[PDB]
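Colleague: Quick one, structure for this:
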Amino acid sequence: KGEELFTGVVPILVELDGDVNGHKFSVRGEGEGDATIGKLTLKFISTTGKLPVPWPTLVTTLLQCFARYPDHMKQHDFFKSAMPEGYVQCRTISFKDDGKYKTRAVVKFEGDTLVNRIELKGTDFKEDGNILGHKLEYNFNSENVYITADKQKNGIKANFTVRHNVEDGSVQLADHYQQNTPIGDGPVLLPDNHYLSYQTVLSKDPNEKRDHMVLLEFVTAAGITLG
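Modeller: Numbers count the residues shown, from 1 in each chain. Find the structure here:
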């Protein structure tokens, strides 16, 4: 039933309120998702001027319900099974030798629009580090998100590390710990161990005057054998 909401193109609204070492910012995003081919296309705008953190550090925070689950894996798709009532997604993102983000997001349908409303709190960052110092390249290295069930919490957990290119040729690690729990009371699909494979492209809108990020994602579930 949840999966039936994703058979066509779904409009998306994203709202992020952020606070890193006390520096506040807001991001508003819009676009669409097409889970049949695992495709997300989104444009995010800062409504508070130039961001105090690099856009690439916000990519993972700013809709895994649009992953393409192969037919033989569709009974492992927690994200769509929680819909339309939605799920809460929480992460701790620890930047190696730097600070951490803690995020809480409510992902659910409002009518025909899939809405992702997020609060982000960043702490312990270095004023001259790679993040507050804006030393990260505007690109993204996309790998696999490993997913496991958490039966006790009736949800899932995920773990992965983002490797952010630094302008000096080094790499800034971002360790992600993720938890998702459904908002509704009804049973949801809980998966065997598997992963989501990402292809992520960041770009710019040449006609956009505000600080912004254009995001294209292709996401495919894998790791359970078609046989």
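Colleague: Need the residues that contact stretch 119-133.
Modeller: 16-21, 23, 52-54, 57-58, 61, 95, 97-105, 135-136, 164, 166, 172 (CB atoms under 8 Å, 6 or more residues apart in numbering). For the C-beta atoms, the positions are set from N, CA and C on the backbone; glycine is no exception.
Colleague: Could you give the bridge partners of residue 216?
Modeller: residue 41, residue 201 (DSSP bridges).
Colleague: ok, back up a step: just the contacts of stretch 119-133: which are in strands?
Modeller: 16-20, 23, 95, 100-105, 164, 172 (DSSP state E).
Colleague: chain center to stretch 219-227, what's the gap?
Modeller: 20 Å (CA atoms, centre = their mean, to the nearest Å).
Colleague: who touches that stretch?
Modeller: Taking CB under 8 Å, 6+ apart as the rule, stretch 219-227 contacts 38, 40, 64, 66-70, 72-73, 76-77, 144, 192-199.
Colleague: at 10 Å instead, please
Modeller: Taking contacts as CB atoms under 10 Å, 6 or more residues apart in numbering, the residues outside stretch 219-227 that touch it are 33, 35, 37-40, 63-77, 79, 142, 144-147, 191-200.
Colleague: Just the buried ones from the contacts of stretch 119-133?
Modeller: 16, 18-21, 52-54, 57-58, 61, 95, 98-101, 103, 105, 135-136, 164, 172 (16 or more other CB atoms under 10 Å).
Colleague: Out of the ones in strands among the contacts of stretch 119-133, the closest to residue 111 would be?
Modeller: residue 105 (18.9 Å; CB to CB).
Colleague: for the closest one, what are its contacts?
Modeller: With CB under 10 Å, 6+ apart, residue 105 has these contacts: 14-16, 61-63, 86-91, 116-120, 180.
Colleague: Just give me the residue right at the centre of this structure.
Modeller: residue 60 (3.5 Å; CA atoms, centre = their mean).
Colleague: List the contacts of that one.
Modeller: 91, 93, 101, 103, 140, 145, 160, 162, 174, 176, 178, 198, 200.
Colleague: Kindly indicate the member of those with the most neighbours.
Modeller: When neighbours are counted by other CB atoms under 10 Å, residue 101 leads the contacts of residue 60 with 25 neighbours.
Colleague: wait, doesn't that residue sit right on residue 93?
Modeller: Yes - Residue 101 is within contact range of residue 93, at 4.2 Å (criterion: CB atoms under 10 Å).
Colleague: what residues are shared contacts of those two?
Modeller: 57, 58, 60, 61, 120, 122, 174, 176.
Colleague: Just the closest of those to residue 151, please.
Modeller: residue 176 (21.5 Å).
Colleague: Direction included, what does the helix or strand where the closest one lies pair up with?
Modeller: Take DSSP states H and E as the rule and residue 176 turns out to sit in strand 171-182. Applying DSSP bridges, strand 171-182 is found paired with strand 87-95 (antiparallel), strand 155-165 (antiparallel).
Colleague: Could I get those strands in JSON lines, plus columns for distance to residue 225?
Modeller: Listed next are those as JSON lines, based on distance: least, CB to CB, whole Å:
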{"stretch": "strand 87-95", "distance to residue 225": "27"}
{"stretch": "strand 155-165", "distance to residue 225": "20"}
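Colleague: Just say which of these is most tucked in.
Modeller: Among these, the stretch with the highest mean neighbour count (mean count of other CB atoms under 10 Å) is strand 87-95, at a mean of 19.
Colleague: what separates that one from the chain centre, distance-wise?
Modeller: With CA atoms, centre = their mean, you get 9 Å for strand 87-95.
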